[PDB]
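Novice: This is data.csv, which holds CSV, N, CA and C atoms:
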```csv
chain,number,residue,atom,x,y,z
Y,5,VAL,N,0.8,-1.2,0.0
Y,5,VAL,CA,0.0,0.0,0.0
Y,5,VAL,C,0.9,1.3,0.0
Y,6,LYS,N,0.3,2.4,-0.4
Y,6,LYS,CA,1.0,3.7,-0.4
Y,6,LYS,C,0.1,4.7,0.2
Y,7,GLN,N,0.5,5.3,1.3
Y,7,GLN,CA,-0.3,6.4,1.9
Y,7,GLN,C,0.7,7.5,2.4
Y,8,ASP,N,0.1,8.6,2.9
Y,8,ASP,CA,0.9,9.7,3.4
Y,8,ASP,C,1.1,9.3,4.9
Y,9,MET,N,2.4,9.0,5.2
Y,9,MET,CA,2.8,8.6,6.6
Y,9,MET,C,4.1,9.4,6.9
Y,10,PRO,N,4.4,9.5,8.2
Y,10,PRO,CA,5.7,10.0,8.6
Y,10,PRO,C,6.7,8.9,8.4
Y,11,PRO,N,8.0,9.3,8.3
Y,11,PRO,CA,9.1,8.2,8.2
Y,11,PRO,C,9.2,7.4,9.5
Y,12,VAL,N,10.2,6.5,9.5
Y,12,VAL,CA,10.4,5.6,10.7
Y,12,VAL,C,10.9,6.4,11.9
Y,13,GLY,N,11.9,7.3,11.6
Y,13,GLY,CA,12.5,8.1,12.7
Y,13,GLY,C,11.7,9.4,13.0
Y,14,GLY,N,10.6,9.6,12.3
Y,14,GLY,CA,9.9,10.9,12.5
Y,14,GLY,C,10.5,12.0,11.8
Y,15,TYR,N,9.9,13.2,12.0
Y,15,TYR,CA,10.4,14.4,11.4
Y,15,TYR,C,11.3,15.1,12.3
Y,16,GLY,N,11.8,16.3,11.9
Y,16,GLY,CA,12.7,17.1,12.7
Y,16,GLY,C,12.1,17.9,13.8
Y,17,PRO,N,12.9,18.6,14.5
Y,17,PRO,CA,12.3,19.5,15.6
Y,17,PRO,C,11.5,20.6,15.0
Y,18,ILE,N,10.5,21.0,15.8
Y,18,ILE,CA,9.7,22.2,15.4
Y,18,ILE,C,9.5,23.0,16.7
Y,19,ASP,N,9.8,24.3,16.6
Y,19,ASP,CA,9.9,25.2,17.7
Y,19,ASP,C,8.5,25.8,18.0
Y,20,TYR,N,8.2,26.0,19.3
Y,20,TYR,CA,6.9,26.6,19.7
Y,20,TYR,C,7.1,27.5,20.9
Y,21,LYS,N,8.3,28.1,21.1
Y,21,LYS,CA,8.6,28.9,22.3
Y,21,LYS,C,8.9,30.3,21.8
Y,22,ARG,N,8.6,31.3,22.7
Y,22,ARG,CA,8.9,32.7,22.4
Y,22,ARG,C,10.4,32.9,22.4
Y,23,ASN,N,10.9,33.6,21.4
Y,23,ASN,CA,12.4,33.8,21.3
Y,23,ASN,C,12.6,35.3,21.1
Y,24,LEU,N,13.1,36.0,22.2
Y,24,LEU,CA,13.5,37.4,22.2
Y,24,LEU,C,14.9,37.4,22.7
Y,25,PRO,N,15.9,37.8,21.8
Y,25,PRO,CA,17.3,37.6,22.1
Y,25,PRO,C,17.9,38.6,23.2
Y,26,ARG,N,17.2,39.7,23.4
Y,26,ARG,CA,17.6,40.7,24.4
Y,26,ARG,C,19.0,41.3,23.9
Y,27,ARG,N,18.9,42.0,22.8
Y,27,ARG,CA,20.1,42.6,22.2
Y,27,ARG,C,20.1,44.1,22.6
Y,28,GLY,N,21.3,44.6,22.9
Y,28,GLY,CA,21.5,45.9,23.3
Y,28,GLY,C,22.5,46.2,24.4
Y,29,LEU,N,22.6,47.4,24.8
Y,29,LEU,CA,23.6,47.8,25.9
Y,29,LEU,C,22.8,48.1,27.2
Y,30,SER,N,23.6,48.2,28.3
Y,30,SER,CA,23.0,48.5,29.6
Y,30,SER,C,22.7,50.0,29.6
Y,31,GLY,N,21.9,50.5,30.6
Y,31,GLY,CA,21.5,51.9,30.7
Y,31,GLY,C,22.7,52.8,30.9
Y,32,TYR,N,23.7,52.3,31.7
Y,32,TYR,CA,24.9,53.2,32.0
Y,32,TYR,C,25.6,53.5,30.8
Y,33,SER,N,25.7,52.6,29.8
Y,33,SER,CA,26.5,52.8,28.6
Y,33,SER,C,25.8,53.9,27.7
Y,34,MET,N,24.5,53.8,27.5
Y,34,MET,CA,23.8,54.8,26.7
Y,34,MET,C,23.8,56.1,27.3
Y,35,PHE,N,23.6,56.1,28.6
Y,35,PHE,CA,23.5,57.4,29.4
Y,35,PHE,C,24.9,58.1,29.3
Y,36,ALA,N,26.0,57.3,29.5
Y,36,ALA,CA,27.3,57.9,29.4
Y,36,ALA,C,27.6,58.4,28.0
Y,37,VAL,N,27.2,57.7,26.9
Y,37,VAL,CA,27.3,58.1,25.6
Y,37,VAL,C,26.6,59.4,25.3
Y,38,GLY,N,25.4,59.5,25.8
Y,38,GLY,CA,24.7,60.8,25.7
Y,38,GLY,C,25.3,62.0,26.4
Y,39,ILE,N,25.8,61.7,27.6
Y,39,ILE,CA,26.5,62.8,28.4
Y,39,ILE,C,27.8,63.2,27.6
Y,40,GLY,N,28.6,62.2,27.1
Y,40,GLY,CA,29.8,62.6,26.4
Y,40,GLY,C,29.5,63.4,25.1
Y,41,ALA,N,28.4,63.0,24.4
Y,41,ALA,CA,28.0,63.8,23.2
Y,41,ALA,C,27.6,65.2,23.6
Y,42,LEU,N,26.9,65.4,24.7
Y,42,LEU,CA,26.5,66.7,25.2
Y,42,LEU,C,27.7,67.5,25.5
Y,43,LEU,N,28.7,66.9,26.2
Y,43,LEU,CA,29.9,67.7,26.6
Y,43,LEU,C,30.7,68.1,25.3
Y,44,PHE,N,30.8,67.2,24.3
Y,44,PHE,CA,31.5,67.6,23.1
Y,44,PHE,C,30.8,68.7,22.4
Y,45,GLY,N,29.5,68.6,22.3
Y,45,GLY,CA,28.7,69.7,21.6
Y,45,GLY,C,28.9,71.0,22.4
Y,46,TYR,N,28.9,71.0,23.7
Y,46,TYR,CA,29.0,72.2,24.5
Y,46,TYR,C,30.4,72.8,24.3
Y,47,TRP,N,31.4,72.0,24.3
Y,47,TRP,CA,32.8,72.5,24.0
Y,47,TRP,C,32.9,73.2,22.7
Y,48,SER,N,32.4,72.5,21.6
Y,48,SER,CA,32.5,73.0,20.3
Y,48,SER,C,31.7,74.3,20.1
Y,49,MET,N,30.5,74.3,20.8
Y,49,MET,CA,29.7,75.5,20.7
Y,49,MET,C,30.3,76.7,21.5
Y,50,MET,N,31.0,76.4,22.6
Y,50,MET,CA,31.7,77.5,23.3
Y,50,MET,C,32.8,78.1,22.5
Y,51,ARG,N,33.6,77.3,21.8
Y,51,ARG,CA,34.7,77.8,20.9
Y,51,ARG,C,34.2,78.6,19.8
Y,52,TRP,N,33.2,78.1,19.0
Y,52,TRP,CA,32.7,78.8,17.9
Y,52,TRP,C,31.9,80.0,18.3
Y,53,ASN,N,31.2,80.1,19.4
Y,53,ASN,CA,30.5,81.3,19.8
Y,53,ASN,C,31.5,82.3,20.3
Y,54,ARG,N,32.6,82.0,20.9
Y,54,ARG,CA,33.6,83.0,21.3
Y,54,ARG,C,34.2,83.6,20.0
Y,55,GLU,N,34.5,82.7,19.0
Y,55,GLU,CA,35.1,83.3,17.8
Y,55,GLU,C,34.1,84.2,17.1
Y,56,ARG,N,32.8,83.8,17.1
Y,56,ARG,CA,31.8,84.6,16.4
Y,56,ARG,C,31.6,86.0,17.2
Y,57,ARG,N,31.7,86.0,18.5
Y,57,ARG,CA,31.7,87.2,19.2
Y,57,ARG,C,32.8,88.1,18.9
Y,58,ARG,N,34.0,87.6,18.7
Y,58,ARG,CA,35.2,88.4,18.3
Y,58,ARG,C,35.0,89.0,16.9
Y,59,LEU,N,34.4,88.2,16.0
Y,59,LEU,CA,34.2,88.6,14.6
Y,59,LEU,C,33.1,89.8,14.6
Y,60,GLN,N,32.1,89.6,15.4
Y,60,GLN,CA,31.1,90.7,15.5
Y,60,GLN,C,31.6,92.0,16.1
Y,61,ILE,N,32.5,91.9,17.1
Y,61,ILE,CA,33.2,93.0,17.6
Y,61,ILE,C,34.0,93.7,16.5
Y,62,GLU,N,34.7,92.9,15.7
Y,62,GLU,CA,35.5,93.5,14.6
Y,62,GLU,C,34.6,94.3,13.6
Y,63,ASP,N,33.5,93.7,13.3
Y,63,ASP,CA,32.6,94.3,12.3
Y,63,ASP,C,32.0,95.6,12.9
Y,64,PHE,N,31.7,95.6,14.2
Y,64,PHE,CA,31.1,96.8,14.8
Y,64,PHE,C,32.2,97.9,14.9
Y,65,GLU,N,33.4,97.6,15.2
Y,65,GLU,CA,34.4,98.6,15.2
Y,65,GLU,C,34.7,99.1,13.8
Y,66,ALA,N,34.5,98.3,12.7
Y,66,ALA,CA,34.6,98.8,11.4
Y,66,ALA,C,33.5,99.8,11.1
Y,67,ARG,N,32.3,99.5,11.6
Y,67,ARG,CA,31.2,100.5,11.4
Y,67,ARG,C,31.5,101.8,12.2
Y,68,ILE,N,32.1,101.7,13.4
Y,68,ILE,CA,32.6,102.8,14.2
Y,68,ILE,C,33.5,103.7,13.4
Y,69,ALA,N,34.5,103.0,12.7
Y,69,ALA,CA,35.4,103.8,11.9
Y,69,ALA,C,34.7,104.4,10.7
Y,70,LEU,N,33.7,103.8,10.1
Y,70,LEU,CA,33.1,104.3,8.9
Y,70,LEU,C,32.0,105.4,9.2
Y,71,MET,N,31.6,105.5,10.5
Y,71,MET,CA,30.4,106.4,10.8
Y,71,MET,C,30.6,107.9,10.4
Y,72,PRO,N,31.6,108.6,10.7
Y,72,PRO,CA,31.6,110.1,10.6
Y,72,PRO,C,31.4,110.5,9.1
Y,73,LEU,N,32.0,109.8,8.1
Y,73,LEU,CA,31.8,110.2,6.7
Y,73,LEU,C,30.4,110.1,6.3
Y,74,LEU,N,29.7,109.0,6.7
Y,74,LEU,CA,28.3,108.8,6.4
Y,74,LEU,C,27.5,109.9,7.2
M,1,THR,N,-0.6,21.4,32.8
M,1,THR,CA,-1.5,21.5,31.6
M,1,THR,C,-1.9,22.9,31.4
M,2,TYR,N,-1.4,23.8,32.1
M,2,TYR,CA,-1.7,25.2,31.8
M,2,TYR,C,-0.5,26.1,32.2
M,3,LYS,N,-0.4,27.3,31.6
M,3,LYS,CA,0.7,28.2,31.9
M,3,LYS,C,0.2,29.6,32.2
M,4,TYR,N,0.9,30.3,33.1
M,4,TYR,CA,0.5,31.6,33.6
M,4,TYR,C,1.0,32.7,32.7
M,5,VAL,N,0.3,32.9,31.6
M,5,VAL,CA,0.7,34.0,30.7
M,5,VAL,C,0.5,35.3,31.3
M,6,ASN,N,1.5,36.2,31.3
M,6,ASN,CA,1.5,37.6,31.8
M,6,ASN,C,1.3,37.6,33.3
M,7,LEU,N,2.2,37.0,34.1
M,7,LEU,CA,2.2,37.1,35.5
M,7,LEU,C,3.6,37.3,36.1
M,8,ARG,N,4.6,37.5,35.2
M,8,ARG,CA,5.9,37.7,35.7
M,8,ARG,C,6.1,39.0,36.4
M,9,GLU,N,6.8,39.0,37.5
M,9,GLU,CA,7.0,40.2,38.4
M,9,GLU,C,8.3,40.9,38.0
M,10,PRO,N,8.2,42.2,37.7
M,10,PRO,CA,9.4,42.9,37.4
M,10,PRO,C,10.4,43.0,38.6
M,11,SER,N,11.6,43.3,38.2
M,11,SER,CA,12.7,43.4,39.2
M,11,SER,C,12.7,44.7,39.9
M,12,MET,N,13.7,44.9,40.8
M,12,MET,CA,13.7,46.1,41.7
M,12,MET,C,15.1,46.7,41.8
M,13,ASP,N,16.2,45.9,41.5
M,13,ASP,CA,17.5,46.4,41.7
M,13,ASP,C,17.9,47.6,40.8
M,14,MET,N,19.0,48.3,41.2
M,14,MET,CA,19.3,49.6,40.6
M,14,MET,C,19.7,49.5,39.2
M,15,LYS,N,20.5,48.4,38.8
M,15,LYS,CA,20.9,48.2,37.4
M,15,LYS,C,19.7,48.0,36.5
M,16,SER,N,18.8,47.1,36.9
M,16,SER,CA,17.6,46.9,36.1
M,16,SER,C,16.7,48.1,36.0
M,17,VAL,N,16.5,48.8,37.1
M,17,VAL,CA,15.7,50.1,37.1
M,17,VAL,C,16.4,51.1,36.2
M,18,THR,N,17.7,51.2,36.3
M,18,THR,CA,18.4,52.1,35.4
M,18,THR,C,18.2,51.7,33.9
M,19,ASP,N,18.2,50.4,33.6
M,19,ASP,CA,18.0,49.9,32.3
M,19,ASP,C,16.6,50.2,31.8
M,20,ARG,N,15.6,50.1,32.7
M,20,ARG,CA,14.2,50.4,32.3
M,20,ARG,C,14.0,51.9,32.1
M,21,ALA,N,14.7,52.7,32.9
M,21,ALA,CA,14.6,54.2,32.7
M,21,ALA,C,15.3,54.6,31.5
M,22,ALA,N,16.4,54.0,31.1
M,22,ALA,CA,17.1,54.3,29.9
M,22,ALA,C,16.3,53.9,28.7
M,23,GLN,N,15.6,52.7,28.7
M,23,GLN,CA,14.7,52.3,27.7
M,23,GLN,C,13.5,53.3,27.6
M,24,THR,N,13.0,53.8,28.7
M,24,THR,CA,12.0,54.8,28.7
M,24,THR,C,12.4,56.1,28.1
M,25,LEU,N,13.6,56.6,28.4
M,25,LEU,CA,14.0,57.9,28.0
M,25,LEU,C,14.6,57.9,26.6
M,26,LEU,N,15.0,56.7,26.1
M,26,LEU,CA,15.7,56.6,24.8
M,26,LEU,C,15.0,55.7,23.8
M,27,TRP,N,13.8,55.1,24.1
M,27,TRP,CA,12.9,54.4,23.2
M,27,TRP,C,13.6,53.2,22.5
M,28,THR,N,14.0,52.2,23.3
M,28,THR,CA,14.8,51.1,22.7
M,28,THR,C,13.9,50.1,21.9
M,29,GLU,N,12.7,49.8,22.4
M,29,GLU,CA,11.9,48.8,21.6
M,29,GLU,C,11.2,49.4,20.4
M,30,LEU,N,11.1,50.8,20.4
M,30,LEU,CA,10.7,51.4,19.1
M,30,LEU,C,11.8,51.3,18.1
M,31,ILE,N,13.0,51.4,18.5
M,31,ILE,CA,14.1,51.1,17.6
M,31,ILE,C,14.1,49.6,17.2
M,32,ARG,N,13.7,48.7,18.0
M,32,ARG,CA,13.6,47.3,17.7
M,32,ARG,C,12.6,47.1,16.6
M,33,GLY,N,11.4,47.8,16.7
M,33,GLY,CA,10.4,47.7,15.7
M,33,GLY,C,10.9,48.3,14.3
M,34,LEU,N,11.6,49.4,14.4
M,34,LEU,CA,12.2,50.0,13.2
M,34,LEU,C,13.2,49.1,12.6
M,35,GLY,N,14.0,48.4,13.4
M,35,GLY,CA,14.9,47.4,12.8
M,35,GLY,C,14.3,46.2,12.2
M,36,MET,N,13.1,45.8,12.7
M,36,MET,CA,12.4,44.7,12.1
M,36,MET,C,11.8,45.1,10.8
M,37,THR,N,11.3,46.3,10.7
M,37,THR,CA,10.8,46.8,9.4
M,37,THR,C,11.9,47.0,8.4
M,38,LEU,N,13.1,47.5,8.9
M,38,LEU,CA,14.3,47.6,8.0
M,38,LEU,C,14.8,46.2,7.5
M,39,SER,N,14.6,45.2,8.4
M,39,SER,CA,15.0,43.9,7.9
M,39,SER,C,14.0,43.4,6.9
M,40,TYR,N,12.7,43.7,7.0
M,40,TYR,CA,11.7,43.3,6.0
M,40,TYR,C,11.8,44.1,4.7
M,41,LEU,N,12.5,45.2,4.8
M,41,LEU,CA,12.7,46.0,3.6
M,41,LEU,C,13.7,45.3,2.6
M,42,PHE,N,14.6,44.5,3.1
M,42,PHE,CA,15.7,43.9,2.3
M,42,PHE,C,15.4,42.5,2.0
M,43,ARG,N,14.2,42.0,2.0
M,43,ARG,CA,13.9,40.6,1.6
M,43,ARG,C,13.3,40.6,0.2
M,44,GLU,N,13.2,39.4,-0.3
M,44,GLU,CA,12.6,39.2,-1.6
M,44,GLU,C,11.1,39.2,-1.5
M,45,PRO,N,10.4,40.1,-2.1
M,45,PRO,CA,8.9,40.1,-2.0
M,45,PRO,C,8.3,38.9,-2.6
M,46,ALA,N,7.2,38.4,-2.1
M,46,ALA,CA,6.5,37.2,-2.5
M,46,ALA,C,5.5,37.5,-3.6
M,47,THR,N,5.6,38.6,-4.3
M,47,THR,CA,4.6,39.0,-5.3
M,47,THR,C,4.9,38.3,-6.6
M,48,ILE,N,3.9,37.6,-7.2
M,48,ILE,CA,4.0,37.0,-8.5
M,48,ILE,C,3.5,38.0,-9.5
M,49,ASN,N,4.0,37.9,-10.8
M,49,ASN,CA,3.7,38.8,-11.8
M,49,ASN,C,2.5,38.3,-12.7
M,50,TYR,N,1.3,38.5,-12.2
M,50,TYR,CA,0.1,38.1,-12.9
M,50,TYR,C,-0.1,39.1,-14.1
M,51,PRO,N,-0.6,38.6,-15.3
M,51,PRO,CA,-1.0,37.3,-15.7
M,51,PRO,C,0.1,36.4,-16.3
M,52,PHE,N,1.3,36.8,-16.2
M,52,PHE,CA,2.4,36.1,-16.8
M,52,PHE,C,2.9,35.0,-15.8
M,53,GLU,N,2.5,35.1,-14.6
M,53,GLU,CA,3.1,34.2,-13.5
M,53,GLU,C,1.9,33.7,-12.7
M,54,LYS,N,1.3,32.6,-13.1
M,54,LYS,CA,0.1,32.1,-12.3
M,54,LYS,C,0.5,31.5,-11.0
M,55,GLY,N,-0.4,31.6,-10.0
M,55,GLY,CA,-0.2,30.9,-8.8
M,55,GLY,C,-0.2,29.4,-8.9
M,56,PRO,N,0.4,28.7,-8.0
M,56,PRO,CA,0.4,27.3,-8.0
M,56,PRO,C,-1.0,26.7,-7.7
M,57,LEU,N,-1.3,25.6,-8.3
M,57,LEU,CA,-2.6,24.9,-8.0
M,57,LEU,C,-2.4,23.4,-7.7
M,58,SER,N,-3.5,22.7,-7.7
M,58,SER,CA,-3.6,21.3,-7.5
M,58,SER,C,-4.4,20.6,-8.6
M,59,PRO,N,-4.1,19.3,-8.9
M,59,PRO,CA,-5.0,18.6,-9.9
M,59,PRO,C,-6.4,18.4,-9.4
M,60,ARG,N,-6.7,18.6,-8.1
M,60,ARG,CA,-8.0,18.4,-7.5
M,60,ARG,C,-8.9,19.7,-7.6
M,61,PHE,N,-8.4,20.7,-8.3
M,61,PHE,CA,-9.0,22.0,-8.2
M,61,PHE,C,-10.4,22.0,-8.8
M,62,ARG,N,-11.3,22.8,-8.2
M,62,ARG,CA,-12.7,22.9,-8.6
M,62,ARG,C,-12.9,24.2,-9.2
M,63,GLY,N,-13.3,24.2,-10.5
M,63,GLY,CA,-13.6,25.5,-11.2
M,63,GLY,C,-14.8,25.4,-12.1
M,64,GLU,N,-14.6,25.7,-13.4
M,64,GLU,CA,-15.7,25.6,-14.3
M,64,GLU,C,-16.2,24.2,-14.6
M,65,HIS,N,-17.5,24.0,-14.8
M,65,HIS,CA,-18.0,22.7,-15.1
M,65,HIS,C,-17.9,22.3,-16.5
M,66,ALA,N,-17.9,21.0,-16.8
M,66,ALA,CA,-17.8,20.5,-18.2
M,66,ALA,C,-18.4,19.2,-18.3
M,67,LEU,N,-18.8,18.8,-19.5
M,67,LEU,CA,-19.3,17.5,-19.8
M,67,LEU,C,-18.4,16.7,-20.6
M,68,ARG,N,-18.0,15.5,-20.2
M,68,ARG,CA,-17.0,14.7,-20.9
M,68,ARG,C,-17.6,13.8,-22.0
```
What does the file become when written as structure tokens?
Specialist:
Amino acid sequence: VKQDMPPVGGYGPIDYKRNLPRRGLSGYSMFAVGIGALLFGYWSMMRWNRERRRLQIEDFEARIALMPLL
Amino acid sequence: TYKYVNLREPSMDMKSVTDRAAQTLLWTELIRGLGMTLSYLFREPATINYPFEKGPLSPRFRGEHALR
């Protein structure tokens, strides 16, 4: 006879359980990364803002020099 | 013969509380969902090109009637 049957040793394994691998970093790591990014941004902003203030002072004194003729 | 779905008690220690607070303030599982959509973006779509690519059938299929 010929029918639809499983083999002698059966079929392979079949999963039925929830699989969540829990990928990622701990909270301390991401918080430290954020704090370091904030500090780097603050330092770069302080340097560029001081330079921009000096440039603005230079332009203002240029206007001071040009004022009496106008 | 039964299992207690959704009865797990959350932890209390400082490292796990800090992890949960970091997930709250930085939205980790939303990034997980974004990553799953990004994974599904790079797969082969299962769309066949009808009418040039008919779907698979069986010899037992029931359709239009005929007289032999």
Novice: Could you check which of M:41, M:20, M:55, M:1 is closest to chain Y, using all atoms listed in the file?
Specialist: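 Counting all atoms listed in the file, the residue closest to chain Y is M:20.
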Novice: Per residue of chain M within 7 Å of chain Y, note the shortest atom pair and the distance in Å to one decimal, counting only C-alpha atoms, and order the rows by chain and increasing residue number, as CSV.
Specialist:
```
residue,atom,partner,partner_atom,distance
M:18,CA,Y:31,CA,5.6
M:19,CA,Y:31,CA,4.3
M:22,CA,Y:31,CA,5.1
```
Novice: If you run DSSP on the backbone here, which positions in chain Y get helix (DSSP H, G or I)? Please write them as a VMD selection string.
Specialist: chain Y and resid 31 to 70
Novice: What are the centre and the three edge lengths of an axis-aligned box that wraps all atoms of segment 24-28 of chain Y in the file, given that 3 Å is added to every side, written as AutoDock Vina command-line options and rounded to one decimal in Å?
Specialist:
```
--center_x 17.8 --center_y 41.1 --center_z 23.1 --size_x 15.4 --size_y 16.2 --size_z 8.6
```
Novice: To one decimal place, how far is atom CA of residue 25 of chain Y from atom CA of residue 32 of chain M in Å?
Specialist: 11.3 Å
Novice: Have a look at atom CA of residue 23 of chain Y and atom CA of residue 47 of chain M and let me know their distance in Å, one decimal.
Specialist: 28.2 Å
Novice: Can you work out the spacing between atom N of residue 22 of chain Y and atom CA of residue 5 of chain M in Å, to one decimal?
Specialist: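 Atom-to-atom, atom N of residue 22 of chain Y to atom CA of residue 5 of chain M, that is 11.6 Å.
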